[PDB]
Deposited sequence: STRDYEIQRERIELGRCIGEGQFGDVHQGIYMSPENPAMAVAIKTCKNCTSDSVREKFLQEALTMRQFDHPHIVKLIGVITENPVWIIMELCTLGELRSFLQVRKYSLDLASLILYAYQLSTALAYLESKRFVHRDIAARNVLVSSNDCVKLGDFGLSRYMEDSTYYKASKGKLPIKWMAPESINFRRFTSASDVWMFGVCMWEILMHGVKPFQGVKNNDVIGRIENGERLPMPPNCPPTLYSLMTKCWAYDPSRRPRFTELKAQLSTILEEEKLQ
């Protein structure tokens, strides 16, 4: 059982970014016999108290519950100071950069695959009654060309243009508001890592959305798919599909794309 890893099994590599609690490094988990595996190591800033430590480690506690091919995998924790969380490394990095950089080398079928894969992770999370609250390409990682994984999972310490009307207006976050965000995430993927509502102010966004305005159909996005996206953006959350539906729809759209 035990998620506690001995610190000498970890070789800290280069800083690859920042979480809310501190720096994230790439690195290696070493074990006897045993090829050696690339890991992400999340660190914590100024946690000179239990409370900050407890908040930071909650991410690990949350990820203990999940076992999915398209969700970042927790490997372990080191709970004596400095406290670290060890995760699997998604070696190709952040989705947006990957999409931007590989625009002329990715076919439409790959973009749909990523959407389908993310929807299986989200249908999984739905069944655990886990509300993610920030589904956006910034939180998707690339493990390989044919594999993406969803991250955080962790706590703080507002993503207006990704959020459902009911999340913005009534601080409501549910499975249906996550579906809305997934729709925007799919727009980002089809758009190759372009941000929704560029040059638009956050306080403008709810005005436009309640006036019925929606993100336009991406060039070379199939109609059946933009049709699925628009259903994610139904104002009335009770009419949006659930991730179980989306997973089955994205499957047929993907398969019809690989069939020409």
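Peer 1: Which parts of the deposited sequence lack C-alpha coordinates?
Peer 2: Since the structure holds only modelled residues, the stretches it omits are 1-2, 160-173.
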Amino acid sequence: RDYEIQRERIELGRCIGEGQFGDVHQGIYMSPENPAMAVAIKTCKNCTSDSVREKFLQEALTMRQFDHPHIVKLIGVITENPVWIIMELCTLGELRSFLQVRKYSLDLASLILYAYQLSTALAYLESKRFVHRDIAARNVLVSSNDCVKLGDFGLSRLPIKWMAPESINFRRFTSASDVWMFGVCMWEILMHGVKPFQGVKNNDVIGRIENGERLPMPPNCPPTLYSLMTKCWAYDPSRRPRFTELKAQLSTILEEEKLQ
From here on, numbers count along this sequence of modelled residues.
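Peer 1: Comparing 209-217 with 66-74, which stretch shows the greater average C-alpha B-factor in the deposited entry?
Peer 2: Per the PDB record, 209-217.
Peer 1: Between 54-62 and 196-204, which has the larger average Cα B-factor in the PDB entry?
Peer 2: That would be 196-204.
Peer 1: When the deposited Cα B-factors of this chain's modelled residues are ordered and cut into thirds, is residue 228 in the lowest, the middle or the highest one?
Peer 2: For residue 228, the deposited C-alpha B-factor lands in the middle third.
Peer 1: Lowest, middle or highest third: where is residue 38 by Cα B-factor in its chain?
Peer 2: For residue 38, the deposited C-alpha B-factor lands in the middle third.
Peer 1: Divide the modelled residues of the chain into thirds by Cα B-factor and specify which third, lowest, middle or highest, holds residue 157.
Peer 2: CA B-factor rank for residue 157: highest third.
Peer 1: According to the PDB entry, is the CA B factor of residue 25 in the bottom, middle or top third of its chain, that is, lowest, middle or highest?
Peer 2: Lowest third of the chain for residue 25's C-alpha B-factor.
Peer 1: Looking at the temperature factor on the CA atom of residue 104, which third of the chain's modelled residues does it land in?
Peer 2: Its C-alpha B-factor, which the entry lists for residue 104, ranks in the highest third among residues of this chain.
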